[PDB]
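Structure file entry.cif; described as mmCIF, C-alpha atoms.
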data_query
loop_
_atom_site.label_atom_id
_atom_site.label_comp_id
_atom_site.auth_asym_id
_atom_site.auth_seq_id
_atom_site.Cartn_x
_atom_site.Cartn_y
_atom_site.Cartn_z
CA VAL A 1 0.00 0.00 0.00
CA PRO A 2 2.36 2.75 -1.27
CA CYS A 3 0.65 6.06 -0.54
CA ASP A 4 3.16 8.51 0.97
CA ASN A 5 3.85 8.60 4.71
CA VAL A 6 1.22 11.18 5.63
CA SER A 7 -1.90 9.00 5.58
CA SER A 8 -1.70 5.22 5.16
CA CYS A 9 -4.42 2.56 5.04
CA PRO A 10 -4.57 0.18 8.06
CA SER A 11 -6.64 -3.00 8.39
CA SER A 12 -8.52 -4.41 5.40
CA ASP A 13 -8.69 -1.21 3.37
CA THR A 14 -7.45 0.36 0.13
CA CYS A 15 -5.43 3.52 -0.51
CA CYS A 16 -7.20 6.04 -2.74
CA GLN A 17 -5.76 9.12 -4.44
CA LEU A 18 -7.11 12.68 -4.29
CA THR A 19 -6.87 15.93 -6.25
CA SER A 20 -4.60 17.77 -3.82
CA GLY A 21 -1.44 15.67 -4.00
CA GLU A 22 -2.55 13.80 -0.89
CA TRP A 23 -3.53 10.16 -0.41
CA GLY A 24 -6.34 8.91 1.81
CA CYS A 25 -8.17 5.74 2.82
CA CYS A 26 -11.19 4.32 0.99
CA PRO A 27 -14.31 3.58 3.13
CA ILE A 28 -15.41 0.98 0.57
CA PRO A 29 -12.70 -1.75 0.53
CA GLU A 30 -15.08 -4.54 -0.49
CA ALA A 31 -17.15 -5.92 -3.39
CA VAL A 32 -15.67 -7.78 -6.36
CA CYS A 33 -15.06 -6.67 -9.95
CA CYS A 34 -14.30 -9.91 -11.80
CA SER A 35 -16.66 -11.16 -14.50
CA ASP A 36 -14.71 -11.17 -17.77
CA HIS A 37 -17.71 -9.94 -19.76
CA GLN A 38 -19.68 -12.79 -18.18
CA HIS A 39 -18.02 -15.97 -19.45
CA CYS A 40 -16.91 -17.93 -16.39
CA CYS A 41 -17.58 -16.35 -13.00
CA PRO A 42 -20.00 -13.36 -12.79
CA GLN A 43 -20.13 -10.78 -10.00
CA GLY A 44 -21.42 -13.48 -7.66
CA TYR A 45 -17.98 -14.75 -6.69
CA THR A 46 -14.44 -13.44 -6.20
CA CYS A 47 -11.46 -13.94 -8.52
CA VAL A 48 -8.90 -16.00 -6.62
CA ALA A 49 -5.50 -17.05 -7.97
CA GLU A 50 -4.52 -20.72 -8.25
CA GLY A 51 -7.97 -22.29 -8.25
CA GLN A 52 -11.29 -20.74 -9.26
CA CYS A 53 -13.84 -18.03 -8.50
CA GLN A 54 -15.57 -18.07 -5.12
CA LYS A 55 -17.17 -15.60 -2.70
CA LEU A 56 -16.81 -15.24 1.06
CA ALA A 57 -19.59 -12.80 1.93
CA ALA A 58 -23.33 -12.61 1.22
CA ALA A 59 -24.81 -15.54 3.13
CA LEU A 60 -28.40 -16.65 3.76
CA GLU A 61 -29.51 -14.17 1.10
CA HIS A 62 -32.22 -16.58 -0.06
CA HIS A 63 -30.69 -18.56 -2.92
CA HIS A 64 -34.15 -19.96 -3.70
CA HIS A 65 -35.08 -16.97 -5.86
CA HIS A 66 -34.29 -15.89 -9.44
CA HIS A 67 -36.45 -16.70 -12.47
#

Conversion result in structure tokens:
Amino acid sequence: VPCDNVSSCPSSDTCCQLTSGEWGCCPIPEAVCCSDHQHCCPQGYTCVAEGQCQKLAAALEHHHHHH
């Protein structure tokens, strides 16, 4: 997490840039972004290396839906 020495990002977070030459912490260090134009694993799972796509969050969200 290389973002100067003024303000770093502790815990499970991500360093975001600003428009004042200063770096801050992002309050939204979650959610996936892997889908590959929908071909293998959509936005329902996470893209993990050495293996396959799988999620860790979103549980008991009623998987008996969809149509």

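Take atom CA of residue A:27 and atom CA of residue A:47: the distance between them is 21.2 Å.
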
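Atom CA of residue A:46 sits 14.1 Å away from atom CA of residue A:59.
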
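Ranking A:37, A:19, A:14, A:32 by their shortest atom-to-atom distance to residue A:55, with only C-alpha atoms included, puts A:32 first.
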
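Here, the PyMOL selection byres ((chain A and resi 4-8) around 12) matches residues 1, 2, 3, 9, 10, 11, 12, 13, 14, 15, 16, 17, 18, 21, 22, 23, 24, 25 and 26 of chain A.
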
- What is the atom CA of residue A:52 to atom CA of residue A:34 distance in Å? 11.5 Å
